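Only one chain comes next, encoded as structure tokens, the form deposited without the DNA.
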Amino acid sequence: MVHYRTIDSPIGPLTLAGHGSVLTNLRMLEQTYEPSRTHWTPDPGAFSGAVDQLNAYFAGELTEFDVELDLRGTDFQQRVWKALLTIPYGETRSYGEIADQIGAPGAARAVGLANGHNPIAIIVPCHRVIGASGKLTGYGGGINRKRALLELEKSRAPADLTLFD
């Protein structure tokens, strides 16, 4: 059983969906074919916390999420998504680095494919992974969404101006 809520965002309407307070999905679903969504119940007040944190994220005021997640995918996808969760705000990794981390040296391209299937964007940070040649990927506007998120995280001001005096 699954309910959903859509919010505005600088990168487009973000659909949050899941069961109870647990997220199963977070995607900019517009202009794409998503047949699951027809089986979902709208609930304009679900995921109160996640929406606040997302809003705070986009406003620069949040860096670490505290949200309940239920990730579904293959063993290999789960390993990749788990490793994605270890990438700090404002940092990046290469696909090769991620393949090394999950114990599959040489599997950069597989990580790229699994990264593409990430059901929960932003919070599981598939945008923080980039290949050696530096080119963003993703159809349907994906490239521009990723870039937006990367530019936001890079623009982060120092955490405490008092440290300068």
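Each residue number is its position in the shown sequence, starting from 1. Heads up, when I say rigid core I mean the largest set of C-alphas that superpose within 1.5 Å between the two forms.
The following text describes the form solved in complex with the DNA, which does not appear among the structures shown.
Participant: Are 109, 112 and 115 jointly within 4.5 Å of the DNA in the deposited complex, each by at least one heavy atom?
Facilitator: Yes, the whole trio is in contact, each within 4.5 Å by some heavy atom.
Participant: Applying a 4.5 Å heavy atom distance criterion, does residue 137 contact the DNA in the deposited complex?
Facilitator: Heavy-atom contact with the DNA at 4.5 Å: present for residue 137.
Participant: At the 4.5 Å heavy atom threshold, is residue 132 in contact with the DNA in the deposited complex?
Facilitator: Residue-level check for residue 132: yes, a contact with the DNA.
Participant: Quick check on residue 74: any heavy atom within 4.5 Å of the DNA in the deposited complex?
Facilitator: Yes, residue 74 lies within 4.5 Å of the DNA in the deposited complex.
Participant: Residue 92: heavy atom within 4.5 Å of the DNA in the deposited complex?
Facilitator: So residue 92 does not count as contacting the DNA.
Participant: Out of the stretches listed (49-57, 99-107, 62-70, 35-43), which one is close to the DNA in the deposited complex, meaning heavy atoms within 4.5 Å?
Facilitator: So the stretch in question is 99-107.
Participant: Any idea which of 41, 48, 36, 63 has its C-alpha shifted 2 Å or more between the shown form and the other one with the rigid core fixed?
Facilitator: Among the listed residues, the one whose C-alpha moves by 2 Å or more is 36.
Participant: After fitting the rigid core, is the C-alpha of residue 96 off by 2 Å or more between the shown form and the other one?
Facilitator: Comparing the forms between the shown form and the other one, which are aligned on their rigid core, residue 96 does not shift its C-alpha by 2 Å or more.
Participant: By the 2 angstroms cut-off, has the C-alpha of residue 140 moved between the shown form and the other one once the rigid core is superposed?
Facilitator: Shift of 2 Å or more: yes.
Participant: Determine whether the C-alpha of residue 156 shifts by 2 Å or more between the shown form and the other one once the rigid core is superposed.
Facilitator: The answer is yes, as the C-alpha of residue 156 shifts between the shown form and the other one by 2 Å or more after core alignment.
Participant: Taking the cut-off of 3 Å or more as given, in which direction does the distance between the C-alpha atoms of residue 32 and residue 44 change in the deposited complex, closer or farther?
Facilitator: More distant in the deposited complex, by 3 Å or more.
Participant: In the deposited complex, the Cα separation between residue 31 and residue 27 changes by 3 Å or more relative to the shown form; did it shrink or grow?
Facilitator: It is closer: in the deposited complex, the C-alpha atoms of residue 31 and residue 27 lie at least 3 Å nearer than they do here.
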